[PDB]
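Undergrad: File follows, target_2.tsv with TSV, C-alpha atoms:
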```
chain	number	residue	atom	x	y	z
D	103	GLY	CA	-7.10	3.24	-40.22
D	104	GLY	CA	-4.14	4.15	-42.35
D	105	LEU	CA	-2.30	7.46	-42.91
D	106	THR	CA	-3.74	9.82	-45.58
D	107	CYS	CA	-2.40	13.06	-47.14
D	108	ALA	CA	-3.81	16.08	-45.21
D	109	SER	CA	-4.22	19.71	-46.23
D	110	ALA	CA	-1.27	21.47	-47.74
D	111	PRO	CA	0.59	23.69	-45.36
D	112	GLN	CA	-0.37	27.38	-45.61
D	113	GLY	CA	3.08	28.65	-44.64
D	114	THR	CA	6.67	27.84	-43.79
D	115	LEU	CA	8.83	29.05	-40.92
D	116	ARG	CA	12.65	28.79	-41.16
D	117	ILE	CA	14.52	29.45	-37.88
D	118	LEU	CA	18.21	30.34	-37.62
D	119	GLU	CA	20.14	31.85	-34.61
D	120	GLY	CA	21.86	35.21	-35.31
D	121	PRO	CA	23.82	37.79	-33.20
D	122	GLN	CA	24.09	41.59	-34.07
D	123	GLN	CA	26.67	44.24	-35.23
D	124	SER	CA	28.48	46.60	-32.81
D	125	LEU	CA	29.42	50.26	-33.33
D	126	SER	CA	32.11	51.07	-35.95
D	127	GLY	CA	35.23	52.17	-34.05
D	128	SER	CA	37.90	51.00	-36.52
D	129	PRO	CA	40.88	50.91	-34.05
D	130	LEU	CA	43.56	50.31	-36.71
D	131	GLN	CA	46.84	49.90	-34.74
D	132	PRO	CA	48.31	49.72	-31.13
D	133	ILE	CA	51.11	52.23	-31.92
D	134	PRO	CA	49.69	53.45	-35.30
D	135	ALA	CA	51.07	54.82	-38.63
D	136	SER	CA	54.75	54.57	-39.70
D	137	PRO	CA	56.43	56.66	-36.91
D	138	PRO	CA	59.20	58.81	-38.49
D	139	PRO	CA	62.99	58.36	-37.98
D	140	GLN	CA	64.36	61.49	-36.23
D	141	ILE	CA	67.22	63.66	-34.80
D	142	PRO	CA	69.01	62.66	-31.50
D	143	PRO	CA	68.87	65.87	-29.35
D	144	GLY	CA	71.97	68.15	-29.38
D	145	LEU	CA	74.26	65.46	-31.00
D	146	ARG	CA	77.34	67.82	-31.21
D	147	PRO	CA	80.16	67.55	-33.82
D	148	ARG	CA	82.28	64.38	-33.26
D	149	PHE	CA	85.20	65.63	-35.45
D	150	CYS	CA	87.49	68.69	-35.74
D	151	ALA	CA	90.00	70.05	-38.30
D	152	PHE	CA	93.77	69.99	-37.72
D	153	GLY	CA	95.43	73.29	-36.65
H	6	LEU	CA	2.38	42.23	-39.25
H	7	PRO	CA	0.42	39.11	-38.54
H	8	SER	CA	2.00	37.07	-35.61
H	9	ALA	CA	1.15	33.91	-33.64
H	10	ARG	CA	1.68	32.93	-30.01
H	11	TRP	CA	4.10	29.96	-30.05
H	12	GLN	CA	3.33	26.84	-27.90
H	13	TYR	CA	5.18	23.51	-28.03
H	14	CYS	CA	2.42	21.09	-26.89
H	15	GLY	CA	4.68	18.67	-28.76
H	16	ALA	CA	5.15	15.05	-27.76
H	17	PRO	CA	4.32	13.74	-24.25
H	18	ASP	CA	7.37	11.41	-24.05
H	19	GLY	CA	8.91	12.63	-27.34
H	20	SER	CA	7.98	9.08	-28.47
H	21	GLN	CA	5.13	10.74	-30.43
H	22	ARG	CA	6.13	12.17	-33.86
H	23	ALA	CA	4.08	13.48	-36.81
H	24	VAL	CA	4.93	12.33	-40.34
H	25	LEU	CA	6.04	14.50	-43.28
H	26	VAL	CA	6.50	13.07	-46.72
H	27	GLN	CA	8.42	14.38	-49.67
H	28	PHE	CA	8.46	12.68	-53.09
H	29	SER	CA	11.79	12.65	-54.98
H	30	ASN	CA	10.03	12.86	-58.39
H	31	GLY	CA	7.82	15.79	-57.67
H	32	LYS	CA	4.21	16.27	-56.43
H	33	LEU	CA	1.59	13.73	-56.35
H	34	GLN	CA	-1.30	14.75	-58.58
H	35	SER	CA	-3.74	12.70	-56.51
H	36	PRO	CA	-2.55	12.16	-52.99
H	37	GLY	CA	-6.15	11.13	-52.04
H	38	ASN	CA	-5.78	7.64	-53.51
H	39	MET	CA	-2.63	6.82	-51.62
H	40	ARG	CA	-2.39	4.59	-48.70
H	41	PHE	CA	0.44	5.18	-46.33
H	42	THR	CA	1.72	2.57	-43.92
H	43	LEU	CA	4.27	3.34	-41.26
H	44	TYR	CA	6.51	0.51	-40.16
H	45	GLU	CA	8.69	0.48	-37.06
H	46	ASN	CA	11.56	-1.74	-36.00
H	47	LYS	CA	10.53	-4.52	-33.60
H	48	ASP	CA	13.76	-4.07	-31.64
H	49	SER	CA	12.90	-1.57	-28.88
H	50	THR	CA	15.96	-2.49	-26.76
H	51	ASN	CA	18.59	-1.21	-29.25
H	52	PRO	CA	18.66	2.59	-29.11
H	53	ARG	CA	20.06	2.61	-32.62
H	54	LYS	CA	17.30	0.47	-34.07
H	55	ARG	CA	14.38	1.69	-31.93
H	56	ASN	CA	14.07	4.88	-34.05
H	57	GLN	CA	14.26	3.08	-37.40
H	58	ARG	CA	11.10	3.53	-39.37
H	59	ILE	CA	9.84	2.76	-42.91
H	60	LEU	CA	7.11	4.60	-44.64
H	61	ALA	CA	5.43	2.92	-47.56
H	62	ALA	CA	2.98	4.44	-49.93
H	63	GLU	CA	0.97	2.27	-52.29
H	64	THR	CA	-0.69	3.33	-55.50
H	65	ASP	CA	-2.33	1.40	-58.28
H	66	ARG	CA	0.77	1.67	-60.38
H	67	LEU	CA	3.74	2.02	-58.16
H	68	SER	CA	4.99	1.89	-54.59
H	69	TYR	CA	6.98	4.46	-52.78
H	70	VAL	CA	9.24	3.84	-49.88
H	71	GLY	CA	10.94	6.14	-47.47
H	72	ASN	CA	13.25	5.31	-44.64
H	73	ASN	CA	14.89	7.33	-41.79
H	74	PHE	CA	17.97	5.10	-41.73
H	75	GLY	CA	20.67	4.09	-44.22
H	76	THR	CA	21.42	5.75	-47.57
H	77	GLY	CA	17.76	6.76	-48.02
H	78	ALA	CA	17.95	8.57	-44.74
H	79	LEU	CA	19.10	12.00	-45.80
H	80	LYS	CA	21.10	14.69	-43.88
H	81	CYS	CA	18.14	17.14	-43.40
H	82	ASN	CA	16.52	14.76	-40.93
H	83	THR	CA	19.38	15.57	-38.46
H	84	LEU	CA	21.45	18.76	-39.34
H	85	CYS	CA	18.04	20.43	-39.24
H	86	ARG	CA	14.88	19.58	-37.31
H	87	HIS	CA	11.37	19.67	-38.67
H	88	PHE	CA	8.23	20.73	-36.90
H	89	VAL	CA	4.61	21.07	-37.71
H	90	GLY	CA	2.73	24.17	-36.55
H	91	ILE	CA	-1.02	24.08	-36.12
H	92	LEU	CA	-2.32	27.64	-36.11
H	93	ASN	CA	-5.69	28.53	-34.63
H	94	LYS	CA	-6.66	31.63	-36.65
H	95	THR	CA	-9.23	32.65	-34.12
H	96	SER	CA	-6.98	32.45	-31.02
H	97	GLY	CA	-3.70	33.38	-32.85
H	98	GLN	CA	-2.09	30.44	-31.03
H	99	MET	CA	0.35	28.16	-32.88
H	100	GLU	CA	0.83	24.66	-31.47
H	101	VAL	CA	4.16	23.21	-32.50
H	102	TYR	CA	4.94	19.44	-32.83
H	103	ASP	CA	7.98	17.38	-33.68
H	104	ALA	CA	7.93	16.05	-37.18
H	105	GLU	CA	9.69	13.37	-39.02
H	106	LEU	CA	10.41	13.86	-42.71
H	107	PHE	CA	10.35	10.85	-45.10
H	108	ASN	CA	11.75	11.13	-48.60
H	109	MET	CA	9.65	8.90	-50.75
H	110	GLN	CA	10.95	6.73	-53.64
H	111	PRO	CA	9.52	4.01	-56.20
H	112	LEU	CA	9.40	0.17	-55.55
H	113	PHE	CA	10.71	-2.61	-57.88
H	114	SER	CA	12.56	-5.93	-57.21
H	115	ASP	CA	14.45	-8.27	-59.63
```
Would you mind giving the structure from this file in structure tokens?

TA:
Amino acid sequence: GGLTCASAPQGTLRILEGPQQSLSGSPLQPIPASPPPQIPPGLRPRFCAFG
Amino acid sequence: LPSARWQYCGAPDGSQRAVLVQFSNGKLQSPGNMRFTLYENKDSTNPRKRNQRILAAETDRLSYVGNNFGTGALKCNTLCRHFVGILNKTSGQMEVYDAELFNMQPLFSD
């Protein structure tokens, strides 16, 4: 009436919960790159010679 | 690839559990001569104690004891859950039951 060893298991199942990968879009930056410093339009000379 | 239809007949009240044993010192060469006795805590009113169980295995030379509580209770019994699947090869149906894992260890007292 006691507990005895039974037949060895024939296989093992290991369960884990996993989600999946999306598409590669690689959206690097809101406003991207190093935007260049640049000329103010027209500007004009702010200096003249004497005479 | 070979697959089986999964069914959790499981435990009617969840009170029912199977019993898995693992020996800390390896595999038993002759598990057929071992007598296992499962002990349960008499206190059924304390939810903490009501699930405490001791599994004892007796051989001619040594005794093994496993418990599901205290230091001997190990992390795998909770972080993970163990089940036993009984596969009917003919029907392809796998019946799945809750299992309790006991880590067995040798008995000596001063």

Undergrad: How would you write as a list in words the residues that get within 9 Å of (9.4, -3.4, -37.8) in the file's frame, counting all atoms listed in the file?

TA: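 Residues with an atom at most 9 Å from (9.4, -3.4, -37.8): residues 44, 45, 46, 47, 48, 57, 58 and 59 of chain H.
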
Undergrad: May I have the residues of chain D within 8 Å of chain H, counting all atoms listed in the file, written as a ChimeraX atom specification?

TA: /D:104-107

Undergrad: To one decimal place, how far is atom CA of residue 10 of chain H from atom CA of residue 98 of chain H in Å?

TA: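 Computing it gives 4.6 Å between the two atoms.
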
Undergrad: Would you work out the distance separating atom CA of residue 66 of chain H from atom CA of residue 107 of chain H, expressed in Å to one decimal?

TA: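 One can read the atom CA of residue 66 of chain H to atom CA of residue 107 of chain H distance as 20.2 Å.
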
Undergrad: Mind checking which residues fall within 8 Å of residue 11 of chain H, counting all atoms listed in the file, ignoring those fewer than 3 positions away in the same chain, and posting them as a ChimeraX atom specification?

TA: /H:98-101

Undergrad: Quick one, how far is atom CA of residue 71 of chain H from atom CA of residue 55 of chain H?

TA: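 Taking atom CA of residue 71 of chain H and atom CA of residue 55 of chain H, their separation equals 16.5 Å.
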